[PDB]
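One-letter residues, chain by chain:
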Amino acid sequence: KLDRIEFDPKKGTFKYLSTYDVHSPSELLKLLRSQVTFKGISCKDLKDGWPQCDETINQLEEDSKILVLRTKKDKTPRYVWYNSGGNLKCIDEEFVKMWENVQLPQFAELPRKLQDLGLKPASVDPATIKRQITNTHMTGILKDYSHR
Amino acid sequence: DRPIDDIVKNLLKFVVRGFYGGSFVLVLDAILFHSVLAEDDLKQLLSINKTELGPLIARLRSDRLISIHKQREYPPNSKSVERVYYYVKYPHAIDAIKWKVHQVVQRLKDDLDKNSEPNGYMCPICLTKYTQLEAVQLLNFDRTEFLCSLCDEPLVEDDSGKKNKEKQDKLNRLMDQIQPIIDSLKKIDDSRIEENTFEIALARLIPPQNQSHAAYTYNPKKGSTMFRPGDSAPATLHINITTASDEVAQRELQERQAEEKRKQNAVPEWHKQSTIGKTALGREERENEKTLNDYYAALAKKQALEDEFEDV
Amino acid sequence: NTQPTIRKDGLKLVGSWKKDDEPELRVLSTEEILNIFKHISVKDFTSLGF
Amino acid sequence: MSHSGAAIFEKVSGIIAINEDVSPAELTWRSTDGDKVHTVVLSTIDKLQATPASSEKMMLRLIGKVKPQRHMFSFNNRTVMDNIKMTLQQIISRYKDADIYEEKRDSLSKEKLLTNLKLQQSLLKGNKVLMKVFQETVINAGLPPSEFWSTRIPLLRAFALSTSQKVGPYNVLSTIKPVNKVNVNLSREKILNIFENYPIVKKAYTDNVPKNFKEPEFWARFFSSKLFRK
Ligand SMILES: [Zn+2]
C-alpha cells in the first residue's frame, strides 16, 4: 500500500520506488525537459537509487546540457535544471572583468548617448511619455432617449 | 510567441550565460521562462537564500537586465503586504546590452590605439608616469639619462612594448566570441519591439506553485494622479434549413403580415362610409391504395458563492 | 502630468499628488530631482536667474 | 494564444486550456504540479458568466445545465481573460444553435416509359381519378397493365418531365447573404446547388456529416470559416 515501494507480481518482490526512476544520462536529460515548472530535481532524491549521479551530472555540466546549482559549504550538486540556452561557458574571463568595469550612463540619457553614437535606441526618454420641471405627473415613465 | 521574441530571449540567455556567473543564469532564466515572478515564488523555485538572491537580483537590476515592480496587494484572509515582482523590459535590456557591447569594444580599440603610441617612462621610486614629451624637459645636464623631478633619480623605461600584438589578439577574440550577439541585434533592429509593463508581461504568466501566497494580479488605484520614475510605458451566426413544408408555412406568415400591414395603413371604418343618417355621436382512399400496393407487389413478383455577474 | 505639492521634511523632499480620498504621498528621490533638473532648457533656467 | 492561459481554480493556480479539436469540446484545467486535474465538457454549459470590466476582479464562471454545476476560473490579465471569453462564447453559441436545431426537429421513349413500373406507380398514386378507372379496368375487369398505358403515353411523359428537369448553373455562394446576431435562411435546393458548383464543399460534407457533428453545425462553421469567404 505504501507509495515508496513497488510490487512485482512477476516474482512477488518488493522494490524501492524512487521519486525519479532514472539511472542513465539520457533518461535524466529528457526528465528535466519534461518539467512544467522551473523547480530543479533535488540531487538528494536523484542520488538515491542511482549509484553515481555527480559523475553523470558533472559530465552533463561540462557539455552544458543542464543547469546545476552548486553548494556553498562543499562542492556538491544541488537542484538541477535543463539548459534551454547555449553553452554555459562561452566568454573569456579577460572580457568578463571588462564587463564589470563598464558603467552604464544615466537612464534618462542612455537613448541620447546611443543616438549620438548613431546606433538605433530601442527605448525613449520617459520624459516624452505623455500620460493621457413642468408636467411632473409622469415622474418615471419617461425613458432617457438622449441619443437616437 | 512572435519569432522576434525568440531572438530577444536567445540574446538575453547568451548574455547572462557568458557575461555572468552560474547562479545569475538561474535567476534570469526563471524570469524568462515565466512572466512577472514574485520574489517569494522565485526563492522557492531556485531554493536559494536571501543573501544569495540579493546579490543576483541587485546585479541583474543595476544592469537593467531585470525590472522591478512594487504594488500593494490585499489578501482577504490575512494581513496585507507590499509585493515585489521581477520581470524583463526588452527595449531597455536590449539598449543596455547594446551600449555595453559597444563600450567593451571601444575600450580595447582605445587601448590598441594607446599602445601604438610611444611607451614613455616610469620612475622606480615615486612610481610617477612620464610621457616622452614630458620626459624630454627633465633630463640631466650631461644629456645622458632622464632624471626625475621629485626624486632626481634616473628613469626606467615603461612596459607594454611587446603587447602591441597581444592587444590586437584580444580584440580579435572579443568580436568572434560576441558574434552571436551582434547577429541577434541586427535581426532585432529589423523588427520593432513593444515596451513591456507589469500588466503586459502578466499576460503570458505561468503560475509557479499550486498555492502561491503572491497574488499575481494588477489593481491600479482609481483616479491615481501619481506618476513614478520609469513606471509608465508607451458575434453569433444562426442558420435555418428550410424544407418544403417550411416554405409553404413561411409563405402564410408573410400573408398574415401583409394583411396586418395593409390594415395598419387601411383607413378607419367611419372614414369608409358617409355617416349622416346615423344617430349623432354621444356618450376510403387509403383502402384503395393498400389493395393497389398489394396488387403491384404481385405484378412485380409476377413480372419478375454569490457575486455580481452579467450574461455573455 | 499633474504636479505635486512639495513640502520639506527634514533633509528630504516629499511630494504629494492630489487625486481626481486622501492625497497620494511619496518621497522624491534625490536621483529623480537630479534627473529633472538636467532636463531644464538653457532658456528655461535663465528665466529663473541662473 | 486565445486557447490557453493562466487561471486559478479552487484557490489553486494553474493553466487553463480550451480544447476544440475533440468533439464535443471540453475545457481542461491543469495544476502547476499536476496533482489535481479538472476537465469539463462544454456541451454541459448553459450560460457563460463573466465579471464586469468595471470590477477589480477578473473571474470567469462556466455554469452547467442541471444545483447546476458551476466552474469558477480566476484570471490575472483582462486581455487574457478577454482572449478566452470570446473563444468560449463561440463554442457555446454554435453548440446552443445545434441543440436548438436538434430540439426543434433517354427515359422519354414509349418502350422505357411502358417498362418503367416505378414511374407508373408514382404517377398513379398521386392521381385519384386514374385510380378509379385502373381499379375497375385492371383489378376486376383484368385488362393488361401494358395495354392500359399504351393510350396514355403523353400522360406518363408529362409527369416524368416535371421531376426530370433541373435548373441551370449559377453563382450560389454570392446569393447567400449573412444579413451582434446575424441570421441566414438556407434550403435543400441551396444545399445541393452549393455541392455541384463547389466540389470541395461536398468533399468536406460527405466525410464529416455523420461522423463528427450534425449538418447545422457543419454549415455554421463553414460560413464562419475563411473557406466560405475564399
Ligand atoms: Zn621619482
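Chain B has a UniProt comment under Subunit that states "TFIIE is a tetramer of two alpha (TFA1) and two beta (TFA2) subunits." Chain B has a UniProt comment under Sequence similarities that states "Belongs to the TFIIE alpha subunit family."

(A) Layout of the interface of chain B and chain D. Contact residues are listed per partner, giving 38 residues for chain B and 58 residues for chain D. Summed over both sides, the interface of chain B with chain D buries roughly 4500 Å², with 55% coming from carbon and sulfur. Considering only the surface of chain B that becomes buried against chain D, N210, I241 and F309 of chain B emerge as the three largest contributors, covering 17% of it. One can count one salt bridge joining chain B with chain D. Residues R105 of chain D and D246 of chain B are paired through a salt bridge, measuring 3.6 Å at the closest nitrogen-oxygen approach. For the pair chain B and chain D, the number of links is 20 residue pairs in polar contact. Mapped by element, the contributors of at least two residues to the side of chain B that touches chain D are α9 (198-202), β7 (236-242), α12 (285-303) and β8 (310-311) of chain B. At nine residues, α12 of chain B tops the list of elements feeding residues into the side of chain B that touches chain D. Tallied by class, residues from the side of chain B that touches chain D come to 18 nonpolar, 12 polar and eight charged.

(B) Representation of the interface of chain C and chain B. Contact with chain C, which involves 10 residues of that partner, is made by eight residues of chain B. Carbon and sulfur atoms supply 60% of the area that chain C and chain B bury against each other, a total of about 900 Å² over both sides. For the chain C face of the interface with chain B, the top three residues by lost area are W17, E24 and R26 of chain C, together amounting to 50%. In this structure, the connection of chain C to chain B is made through zero salt bridges.

(C) Looking closely at the side chain of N193 of chain D. Within the element layout of this structure, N193 of chain D appears in helix α8 (residues 188-197). Discounting chain neighbours no more than four positions away, the residues touching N193 of chain D are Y170 and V172 of chain D.

(D) A nonpolar patch on the surface, seen in detail. Residues and elements named next belong to chain A. On the surface, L2, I5, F7, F14 and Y16 cluster together into a nonpolar patch covering about 580 Å² of accessible area. Those elements giving two or more residues to the nonpolar patch turn out to be β1 (5-8) and β2 (13-16). With respect to the secondary-structure elements, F14 resides in strand β2.

(E) Spatial organisation of the sheet that holds strand β1 (residues 37-38) of chain B. Taken in spatial order, the three strands make up an open sheet running β1-β3-β2 (chain B), and their pairing is antiparallel. Looking at which strands have only one partner, the edges of the open sheet turn out to be β1 and β2 (67-73) of chain B.

(F) A look at the coordination of the zinc ion. Residue and element names in this part refer to chain B. Each protein donor to the zinc ion is listed here as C123 (SG), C126 (SG), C148 (SG) and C151 (SG); together their distances run 2.3 Å. Angles of 106 to 112° at the metal separate the four donor atoms of the zinc ion, which places the site in the tetrahedral class. Mapped onto the sequence, the residues coordinating the zinc ion show the spacing C-x2-C-x21-C-x2-C. With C123 in the loop between β4 (121-122) and β5 (129-130) and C151 in the loop between α6 (132-135) and β6 (156-157), this residue pair connects regions lying 28 residues apart in the sequence. With relative accessibility at 0%, the residue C123 sits in the buried group.

(G) Focus on helix α10 (residues 244-265) of chain B. Helix length check: α10 of chain B (22 residues) gives 32 Å between terminal C-alpha atoms against 32 Å at 1.5 Å per residue, within 8%. Little of α10 of chain B sits inside the fold, with zero of its 22 residues counted as buried.

(H) Quick look at the nonpolar core. In this structure, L12, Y20, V27, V36, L42, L46 and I181 of chain B are the most contacted members of the largest nonpolar core, which totals 66 residues. Among residues more than four places away in sequence, those in contact with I181 of chain B are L11, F14, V15, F19, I97 and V101 of chain B. Counting residues in each nonpolar core, the second largest holds 25 residues, with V40, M58, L60 and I91 of chain D among its members.

(I) Quick peek at the sheet that holds strand β3 (residues 24-28) of chain C. Residues and elements named next belong to chain C. On the basis of which strands lie adjacent, the open sheet formed by three strands has the order β1-β2-β3 and antiparallel pairing. The sheet terminates laterally at β1 (5-9) and β3, the two strands that pair on one side only. Across the sheet, the mean angle from the axis of one strand to that of its neighbour is 30°, orientation sign disregarded. One ladder, built from five bridges, connects β1 with strand β2 (residues 12-17); its direction is antiparallel. Across the sheet, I6 pairs through a bridge with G15, a residue of β2.

About the cut-offs
Residues numbered from 1 in each chain as written, not as in the entry; some residues may be left out. Chains lettered and ligands numbered in written order. Part of a larger assembly, values for the part shown. Heavy atoms only, no water. UniProt positions renumbered as here; feature names shortened; annotations may be inferred. Contact = heavy atoms within 4.5 Å. Buried area = accessible area lost by both parts, 1.4 Å probe. Salt bridge = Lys/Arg side-chain N within 4 Å of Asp/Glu carboxyl O. Polar contact = N/O pair within 3.5 Å; in protein donor to acceptor, adjacent residues only side chain to side chain. Helix = DSSP H or I, 4+ residues; strand = E, 2+ residues; numbered from the N terminus. Nonpolar A, V, L, I, M, F, W, Y, C, P; charged D, E, K, R; others polar. Patch = residues over 30% accessible without salt bridge, like charges linked within 9 Å, V, L, I, M, F, W, Y side chains within 5 Å. Areas by Shrake-Rupley, 256 points an atom, 1.4 Å probe, with all protein chains shown as cover. Pairing = 2+ DSSP bridges. Donors = N, O, S within 2.8 Å, 3.2 Å for Na, K, Ca; no water. Tetrahedral: all angles 85-135°; square planar, octahedral: opposite > 155°, others 65-115°. Buried < 20%, exposed > 50% of the residue type's maximum accessible area, 1.4 Å probe, protein only. Expected span 1.5 Å × (residues − 1). Core = buried A, V, L, I, M, F, W, Y, C linked by side-chain atoms within 4.5 Å. Axes fitted to C-alpha atoms, helices over the stretch in contact; angles between N-to-C directions.

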